[PDB]
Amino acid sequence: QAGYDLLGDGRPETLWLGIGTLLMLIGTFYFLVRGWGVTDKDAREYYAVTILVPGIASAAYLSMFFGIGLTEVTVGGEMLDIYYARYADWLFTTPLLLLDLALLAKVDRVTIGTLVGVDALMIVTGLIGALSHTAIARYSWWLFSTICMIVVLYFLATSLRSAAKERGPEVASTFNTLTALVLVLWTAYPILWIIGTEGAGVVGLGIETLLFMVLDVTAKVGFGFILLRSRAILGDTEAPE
């Protein structure tokens, strides 16, 4: 695989895991220090949700760096490395990111429950496909989890977009910027997953880990950078509970 064996344990992908760990930690501390001088009740809610997104990713990338949670999967006569921490990362951070967008749109708790429910179903069925032993099952779960992603993305571009436009041009501008970013970044995940080691095997584990790291830092540090610098987080919020 493309990369360099930093720890001397036969894993060239630790170079991209180490870089991702640094970028997540730097982004976590940057949002944390920037949020200490924040007294607005609503802005503190966004900082609380957003800081956790690279903070949890930092722990997952640190665990994947040291090899904690690494195991093998046999699909015929080939051996596939799977990092459990990667999916546990997405299981926690994707609901928080959707919560950030739901706070901007100010949608009801039933809307949020359907959103995070389908989002979690997308992640679990993605892990199930990564653990299956036949290629037919791996593509079948990938297709099911992709459909669930489309359902989540459709709700952001239709229901949550219309509700956000009623809250004024400032929130609508920030919500449109983030949603435009989410529609393209999140779509890149099943594309890489199906062309990487878990799918056709076109992309090795090295480049896939590097590309997954770039998507992760952009969907977390880049997403939070656009949100936390906008004036929309000062507007009134209503947490689902």
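One rule holds for the numbers: they count along the sequence shown, beginning at 1.
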item: Mean Cα B-factor comparison, 94 to 102 or 162 to 170, giving the higher one as deposited; value: 162 to 170
item: Of 72 to 80 and 125 to 133, the stretch whose C-alpha atoms average the higher B-factor in the entry; value: 72 to 80
item: Most elevated Cα B-factor in the entry, residues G35, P54, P190, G206; value: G35
item: Chain third (lowest, middle, highest) by recorded CA B-factor, residue given as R11; value: middle
item: Entry-reported Cα temperature factor of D40, expressed as the chain third it lands in; value: highest
item: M149 - which third its CA temperature factor falls in, relative to the rest of the chain; value: lowest
item: Third of chain Cα B-factors occupied by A157; value: highest
item: Chain-relative CA temperature factor third for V107; value: highest
